[PDB]
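# Once you've seen the sequence and the experimental structure below, I've got questions.
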Amino acid sequence: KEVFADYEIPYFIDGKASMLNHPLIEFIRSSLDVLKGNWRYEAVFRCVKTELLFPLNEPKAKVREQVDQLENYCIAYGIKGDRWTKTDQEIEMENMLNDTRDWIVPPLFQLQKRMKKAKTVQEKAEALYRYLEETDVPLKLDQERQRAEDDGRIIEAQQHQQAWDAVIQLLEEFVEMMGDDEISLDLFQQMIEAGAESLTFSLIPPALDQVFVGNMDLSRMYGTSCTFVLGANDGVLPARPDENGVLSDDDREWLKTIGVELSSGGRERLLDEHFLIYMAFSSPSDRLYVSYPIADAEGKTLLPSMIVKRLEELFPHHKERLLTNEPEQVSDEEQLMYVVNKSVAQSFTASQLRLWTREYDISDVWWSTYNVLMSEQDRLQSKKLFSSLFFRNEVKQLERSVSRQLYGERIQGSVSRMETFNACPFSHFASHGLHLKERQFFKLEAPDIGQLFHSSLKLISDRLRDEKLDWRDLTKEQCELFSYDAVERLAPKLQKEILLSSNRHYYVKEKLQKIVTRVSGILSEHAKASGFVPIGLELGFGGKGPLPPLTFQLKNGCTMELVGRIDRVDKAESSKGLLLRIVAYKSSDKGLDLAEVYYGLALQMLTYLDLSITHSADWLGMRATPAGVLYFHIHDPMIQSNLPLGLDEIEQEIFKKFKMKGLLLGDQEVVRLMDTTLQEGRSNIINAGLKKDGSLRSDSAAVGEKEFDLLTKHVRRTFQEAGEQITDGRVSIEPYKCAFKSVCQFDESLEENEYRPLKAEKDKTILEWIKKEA
Amino acid sequence: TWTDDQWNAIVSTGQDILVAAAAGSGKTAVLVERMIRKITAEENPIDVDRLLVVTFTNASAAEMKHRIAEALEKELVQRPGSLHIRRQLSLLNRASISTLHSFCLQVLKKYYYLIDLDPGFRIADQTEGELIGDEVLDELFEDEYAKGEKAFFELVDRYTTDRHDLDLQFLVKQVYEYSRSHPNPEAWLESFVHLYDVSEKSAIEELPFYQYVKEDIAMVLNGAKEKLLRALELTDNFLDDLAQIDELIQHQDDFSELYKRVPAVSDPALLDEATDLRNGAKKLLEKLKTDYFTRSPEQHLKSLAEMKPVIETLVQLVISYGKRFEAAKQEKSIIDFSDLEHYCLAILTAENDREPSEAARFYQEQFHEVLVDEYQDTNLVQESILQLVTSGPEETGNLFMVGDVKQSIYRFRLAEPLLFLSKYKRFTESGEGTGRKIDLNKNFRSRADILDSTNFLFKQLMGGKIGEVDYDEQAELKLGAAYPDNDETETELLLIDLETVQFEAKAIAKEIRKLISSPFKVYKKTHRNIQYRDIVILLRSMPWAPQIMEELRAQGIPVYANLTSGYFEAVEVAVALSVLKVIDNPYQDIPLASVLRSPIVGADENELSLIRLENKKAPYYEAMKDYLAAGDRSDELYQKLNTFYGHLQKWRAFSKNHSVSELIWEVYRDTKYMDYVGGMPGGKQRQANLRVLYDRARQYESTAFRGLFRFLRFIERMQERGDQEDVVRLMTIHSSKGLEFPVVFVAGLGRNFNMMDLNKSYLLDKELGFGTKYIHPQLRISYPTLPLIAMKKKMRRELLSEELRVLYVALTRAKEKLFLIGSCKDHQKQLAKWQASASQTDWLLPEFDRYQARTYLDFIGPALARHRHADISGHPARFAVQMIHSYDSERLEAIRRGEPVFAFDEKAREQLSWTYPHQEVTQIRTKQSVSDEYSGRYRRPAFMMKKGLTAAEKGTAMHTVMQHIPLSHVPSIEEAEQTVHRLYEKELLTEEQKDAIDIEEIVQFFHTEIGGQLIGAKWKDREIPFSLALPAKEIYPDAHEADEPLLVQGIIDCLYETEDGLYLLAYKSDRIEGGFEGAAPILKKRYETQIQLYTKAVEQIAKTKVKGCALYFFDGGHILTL
Amino acid sequence: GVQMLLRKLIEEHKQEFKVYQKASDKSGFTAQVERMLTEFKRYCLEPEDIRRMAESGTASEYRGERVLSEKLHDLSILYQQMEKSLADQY
DNA sequence: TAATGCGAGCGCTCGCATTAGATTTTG
């Protein structure tokens, strides 16, 4: 059907066509599913999208716009089962989401009432029909019938009211045989289900001039000139004895000898194959073509049948031709048989132009074909097609008028947004430029898990201050008591109450709890050791908050007001004066890779530090020096030891798992202020140590105040050089060594598309590179 | 002629036979010959149906059938009058030559009723099958979480990476899948606990798993000594270290003593290299200590006995899963490929209180002999199926099996070559009261240097626990090729030391052209150059395939590798799915943009952003419409969009009345995306990718799922989890098999094996069962359990034996030339490491150093060194080593816009302007009725409808009577009733129809002028069928072009002849009175055209003429003439 | 409609089956029987004829014959029970 | 997982801790 449609070859097929794809059949099937599987939203929309549930007289266009948005809503909120039966922007939306379900639920809901109600067949069969009629299936169908005719498809228009008759009769016989027998949906549906599978459309009546495509068994022909035989493969043509029915071939074979004759069915059929093959081979008067595919639908190997051999016996000198969609594999003659049609000509000629540029000598039949296609009306269309010849996925730079009205007046920066641009300029354009959104799902993603921990941590503090308590004053008892409550007060209000949706999630609850309980105890131990006391927490950085926005002035009207979030800033008094450090909670293992900072992929902490440092002056009235940047790993660790341990040593190992990674200051004091327990050797709280002399070890992640201001300034330049590029309207696609990847369409084989390499650098190497910048 | 070995295999009988057939053994030919004899022989011939031949592919089976044919006709020409031989030729189609699965199916279809299996059951592909698995799984877990059993959570908490529960259900699947490799899955699953049931009072050296601990300890300790002894030969400290070690060797048997000892006691060139051999001791002895002796034998015991409650919970879970899984399939009348073998085994075994059921008795009778190919890859279930259809105890019986353990490369699919190997040791070369075994050494297919190189390598590699098989004579390959003596056939090794693959792919490409430009002609045939298609580059994995392919195409011929996945990250695919997504739900910002930016639409980045400007808050979909509605028409961007929005709505409507595959094809033809994609780099593969998406949808409509939405998830699931031309064929070694090539490149040899399997907190093993770490969720502590470590020690040496065989199939797939390409960092030092290993005499390299093997290189290198200790170096094998430092126009521009400026210039233009002369008729129906499925021209359920008839049905009844009324005379009201009643009796009328007839209106006709004329007539006939052929336009004025005849078919109600002429008569139940004077004009032309067709039908066909036509009307009994 | 009827017959008369008692359950067994009856009518074999054949194999020891008769027996039940519900009115 | 570092204790040793570096095979 597909091939001949493209090659414009009129035909006639013996077999009939199933109705399983017809809206009426789908509408019915999915409707029973709706109430059987307890209103799975997938089934509901399966029904609604046969649009037989659609409201009357309301323009279908808008209806589909609403049905789709209702679907998206149900997918993200996991709407199922009972949930169905139970300002400016919000209204418009929610005033649609009610209307939509308001015409969807009742007809389908009132149906389950009548259905689950009725005991016998006829009444369940009746309830079904009334579901069809009250929804005006006939009317809406009849309408569709017209559209089909208006568009030149009467064959398709027939099958509509034709489908109706099939269903009705399906019920009539059903109620005729088992009408007053008692049955409920389980067997009832299954019978209707098998009823659908059996349903068939009327055979399409032959036309005056057609190619006859039929079978090799009971198909009949007359006056045929040319006959093509398909599928001359092994196990196919001399059809392997089919294994079906109630009686085996042994049973029948046996029965014969008792004086009872039945249908052949078994090994006789195989003997009869040669007669049918003989009748097929002698069918044409002029020409006979016998063909067999070498590969398979999926690509498994296929051999010719013994018939091809038997043929090569009677015609030992006959050469066999080769059918291929790769014209270059045949002579110029056959190559001229591909130009049967404009569409097919185009499809092939495009593929030839490709292969030609690959330094292959192509036939001139295609050049002739090219010039013809370029001489007619739709030259443009074929031109766009042939433009594929040289298609490098290329990105036109954003104009000035566009980026100005797109990104806007002020570019209100976000450290993350800058990371995003520095990860791939195009990704930025996709998210912040075009404001694209992913379909939301009822799944609880890893990212929004972290937001829970924060809001729990933030919540614990408030409880502590209320009792005038500090993390240090906590007991193992309270750590659990406090942590659990925090999730109780949060869990319900997180991610569409998904933590309340199922049972697995409410086990994820206590899980999220046990984790918080351990981290709570760790912070306590960390506070009884740390000399750093938290100054500010969840500090409003930029926009509307405690701090001012950090501003950026760059050539060509570049205004960048970037905003952000400072998890924690801690203060410690030293002989060197005031000390400030930042702490951010993470679920990951490591915190800072200097190599990753150079390319501007990790600007988070370093930028947070600067503000604290800079503003520290006019903020509290003192000048601060960077102690460093730290990442706290929130998790419930599992230790792995070959050494048998006592609960004493286990507590230790667990404790060390929370050792903070990051970037410190390289002096003895700062190290001893972050861990006052440490005298000599390794610290378990921070990544640093002390030799006997008092000097810290080389393994320390510490650096001088110089290197800190160096990294700081580098970051400043990164917000700048990357802040201008945005305004300059740069949307280039340059991934490193994504959700928008399907929009990127990045192809490495396709030239001009390159992976900009990132190198793995010993901290000092880049620490040296940034030195050379200025 | 044949070999004596082949002759043996061919003619031997009376017992089970195991044929170990080396590569190029010609096993296939001998297999054919064997059956040919039994089937076509003088003495006592047998029919083909009395044989059971199992192959590993239907293709090899099919190929089997062809040769059996070829030889049958040959034997038939020589015996022209043979009835039996001709019959056999007919039996090949009914014969049992297939895969075991293909047989199992034949069995299930025949004996389905013995188990509970729906006939017409459907075999689900591995994809949906697993989709159904995830489904039932989620259902089970949900039930358990909700059930709140204490034990369950202990299992969950323990094996889940908490904050996440995913890892647990994979374990369940993993375990379940494993159990299915056993003849009795559930039993084997309950076998799990038996290992974890111990006491501190238990003897470790006793229980099953320690077998591998014992052997491990042996190797390491000995490997330490033998590694120290040399240090002594190099020349007091080594003795203190050695004496201590010997001391440990004394107690190897005692694990408890080792716990006491092991933990506690434990030239600048030759000088500093002797300290390394001493560090070897430390390293080996230290790993030994950490593994087994960090915690007491008693502690290890308690650890294991504490895990029992968990193992039990886990087991019963997997069992509950299996039950639900099987149930889900049943509902949908579905089976797996696993089910296929197990349901076959169920049928063959009818056990009551193990009985080879009547079904099995049938096949034992039917099959005089059974032949199994590739036997080394048989599983336990298949084997128990084989032994079930084979008749007779091993000493006798008809089991015939061929294969080679050395060529067993599929253990990851749970095939057990030990089954083949256990029989080879149990069988004798003669057949004395036991299974007869036969060896096929002669390789008729390959050149000498290859066999010599392959034989020289594996002689030093394959053996003991790392080879699992003793490499010796009667195993070693032997020359049977007649290849003419030529050189440059020497096996090459190019040592090159992300860019790794680059330097390695270049090197390969080099010597390739070195073969091209230079002749190196490959060979009573004739020599010929390299066609590129005769050279193949074998990789063990395919991460490098795409990269290697590239530059090997950068210069010269292209490269064709059979890629598997990376399919979902393919741009074409991404875009195609993006389109299907928008057709499903236009409200998806990303998928929508994906299409708009693809060549399909081709919006600029500025054009895309220009769209958003219309509406910043609404979904990108609405922003698009908002641009359209208000936009201006002469706008280019508008044209791109309006065209697309047009297609969208079309596709939308199209999908609701069509299938997904149809919707896809239509989209391909509407966008010409598949055509377009064929015009860009790698467009050949792209087009295929794009049409496998179509085929996968085709596979998808035969599944238990339907609709576009499901299809998307279906494909989405595949994503989240699993997913003649002359050219260098790049493929995996595993895929080589019976394939072969004159020249072969085996690269990536300097790369690590994949041992990732040995990492996790658990392991599955056929023998030992389940093994896992000790895990305490409350203390947050875990550590490897003794069985776990034992299972890893074993699995490591079994994985290594598999790799050595993978390397064995690689070298044997070569005909003439062999290239080996490895890679490292420092050349010399590794050759020094290779030197260290190459010292020991006896051919077979040190069992421990081969154990430490990581890269293929570590197998070849040392085995190669000693070559170029008498026979070893003297062995007739040629090697060539190369140490590499690893460092050393107008037509387009015309096309770009317009057209270039040929022989076919004239033909092409005609064919593109060509139309079908008769095309106007190709849509017209041949048969057209006037009132059979070959012709053309709000129903309520009978149970919910009225109790009466409709005007139509009444008319039908009224009509029937008129045509059954006796025309002998004028009937009376009663004479009419009698007729009506008789029609009722004979069932020409329904009870309803009978009661609906107005007799007055039926008799009324026979009192009319026409009626009486009908009565009085020389001749009469009623219900006259006719077929009239008319020129097509005479009916369809629209199509005037063609004069082909069409058939109009109908039934003339009545015809009668008088002394005047022939008259036509039709009765019409038309609605009239409600005068008739005013209806006549209307009725006249309601039936006007119809009656003319009638008169025409009669006049033209009968060649007589119709004078006058009458129509009677039941309403008032009216008559009008035409 | 014949299969629908059959599924009703395969319900009640189920426990009289000597062989297909287990296969009666399955929905693919109704189509198989429906096809067998069609063949029985086309080849002029009445329920009485099948019953007749069913007891020709009963008690003559060739296993496969015994089984065959047992299935002919079950079919006979459904066959004769179908003709009995289709008698004179269908 | 080894595998280097980096400290000590005493050109050798242990022991602690972070880092690197690669990773599949489906007849």
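Looks like it arrived, so ask away. Numbers count the residues shown, from 1 in each chain, chains lettered A, B, ... in the order given.
# list the buried ones in the helix or strand hosting residue C:6?
Here residue C:6, judged by DSSP states H and E, is contained in helix C:2-12. Neighbour counts over helix C:2-12 (16 or more other Cβ atoms under 10 Å in any protein chain shown) mark C:2-10 as buried. Placement of C-beta: from N, CA and C, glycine included.
# Give me the contacts around the helix or strand just after it.
Downstream of helix C:2-12, the next assigned helix or strand under DSSP H and E is helix C:28-42. Outside helix C:28-42, the residues that touch it by Cβ atoms under 8 Å, 6 or more residues apart in numbering or on different chains are A:244-247, A:262-263, B:118-121, B:333, C:2-3, C:6-7, C:10, C:20, C:23, C:46, C:49-50, C:75, C:78-79, C:82.
# Out of the residues you listed, which end up buried?
Buried among those (16+ other Cβ under 10 Å): A:245-247, A:262-263, B:118-119, B:121, B:333, C:2-3, C:6-7, C:10, C:20, C:23, C:50, C:75, C:78-79, C:82.
# Can you report how many residues neighbour the residue of the stretch 651-774 of chain A found nearest chain C?
Taking Cβ to the nearest Cβ, chain C has its nearest neighbour within the stretch 651-774 of chain A at residue A:742, 42.4 Å off. Per other Cβ atoms under 10 Å in any protein chain shown, the neighbour tally for residue A:742 reads 23.
# Distance of the residue nearest to residue A:348 when sequence neighbours are not counted relative to chain C?
Leaving aside its sequence neighbours, residue A:348 sits nearest to residue A:338 (Cβ to Cβ, 6 or more residues apart in numbering or on different chains; 5.0 Å). With distances taken as Cβ to the nearest Cβ, to the nearest Å, residue A:338 is found 46 Å from chain C.
# Which residues of chain A lie near chain C?
Within chain A, the positions lying close to chain C (Cβ under 8 Å from any Cβ of the partner chain) are A:173-174, A:176-178, A:181, A:190-191, A:194, A:244-247, A:250-251, A:254-255, A:258, A:260-263.
# mind redoing it with 7 Å?
Selection of chain A residues close to chain C by Cβ under 7 Å from any Cβ of the partner chain yields A:173-174, A:176-178, A:181, A:190-191, A:194, A:245-246, A:250-251, A:254, A:258, A:260-263.
# How about the residue in chain C that sits furthest from its center?
Relative to the centre of chain C, the most outlying C-alpha is that of residue C:61, 22.1 Å out, by Cα atoms, centre = their mean.
# who are the neighbours in contact with the residue nearest the centre of chain B?
For chain B, the residue nearest the mean C-alpha position is residue B:125 (7.1 Å; Cα atoms, centre = their mean). Residues near residue B:125 by Cβ atoms under 7 Å, 6 or more residues apart in numbering or on different chains: residue B:699.
# what about 6 Å?
Taking Cβ atoms under 6 Å, 6 or more residues apart in numbering or on different chains, we find residue B:125 in contact with no residue.
# Am I right that the residue of the stretch 651-774 of chain A closest to chain C is in contact with residue B:573?
No - shown here, residue A:742 and residue B:573 do not form a contact pair, counting by Cβ atoms under 6 Å, at 9.6 Å.
# For residue A:657, grab the count of nearby residues.
Residue A:657 has 17 nearby residues by other Cβ under 10 Å.
# same check, this time on residue B:268
Count around residue B:268 with other Cβ under 10 Å applied: 6.
# Likewise for residue A:305?
Neighbour tally, residue A:305, other Cβ under 10 Å: 26.
# So stretch A:611-630, near DNA strand D or not?
No - legend: contact between stretch A:611-630 and DNA strand D by Cβ under 7 Å from any atom of the strand is lacking; minimum distance shown is 13.0 Å.
# Quick check: buried residues in that stretch?
By 16+ other Cβ under 10 Å, the buried positions in stretch A:611-630 come out as A:611-613, A:615-616, A:619, A:624-630.
# same deal with stretch B:390-401?
In stretch B:390-401, counting by 16+ other Cβ under 10 Å, buried: B:390-391, B:397-401.
# Same check on stretch B:429-447?
Buried residues in stretch B:429-447 (16+ other Cβ under 10 Å): B:431, B:435-443, B:445-447.
# before we move on, what about stretch B:1097-1116?
Buried residues in stretch B:1097-1116 (16+ other Cβ under 10 Å): B:1097-1098, B:1106, B:1109-1115.
# Of those residues, which belong to helices?
Counting by DSSP state H, the part of the buried residues of stretch B:1097-1116 found in helices is B:1097-1098.
# want to throw the buried residues of stretch B:1097-1116 into a markdown table with distance to chain C?
Listed next are the buried residues of stretch B:1097-1116 as a markdown table, based on distance: Cβ to the nearest Cβ, whole Å:
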| residue | distance to chain C |
| --- | --- |
| B:1097 | 37 |
| B:1098 | 39 |
| B:1106 | 43 |
| B:1109 | 41 |
| B:1110 | 40 |
| B:1111 | 38 |
| B:1112 | 35 |
| B:1113 | 36 |
| B:1114 | 31 |
| B:1115 | 34 |
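# Filter the buried residues of stretch B:1097-1116 down to just the ones in strands.
B:1106, B:1109-1113 (DSSP state E).
# and which of those is nearest residue B:696?
residue B:1111 (61.3 Å; Cβ to Cβ).
# That closest one reaches residue B:1064, doesn't it?
No - if you go by Cβ under 6 Å, residue B:1111 and residue B:1064 don't touch, sitting 9.2 Å apart.
# Mind listing residues that contact the strand or helix carrying residue A:147?
According to DSSP H and E, residue A:147 maps onto helix A:137-150. Helix A:137-150 is contacted from outside by A:52, A:156-157, A:160, B:938, using Cβ under 6 Å, 6+ apart.
# what do you get if the cut-off is 8 Å, keeping everything else the same?
A:23-24, A:27, A:51-52, A:54, A:56, A:132, A:154, A:156-157, A:160-161, A:163-164, B:938.
# Check stretch A:536-549 too.
A:412, A:458, A:461, A:550, A:561-569, A:608, A:611, A:615.
# Buried residues, that stretch. List them.
A:536, A:538-539, A:541-542, A:547, A:549.
# Give the full set of residues in contact with the residue most central in space within chain C.
Most central in chain C under Cα atoms, centre = their mean is residue C:75, positioned 1.1 Å from the mean C-alpha point. Taking Cβ under 8 Å, 6+ apart as the contact definition, residue C:75 lies against A:246, C:33, C:36-37, C:40, C:50.
# Thanks a lot, catch you later.
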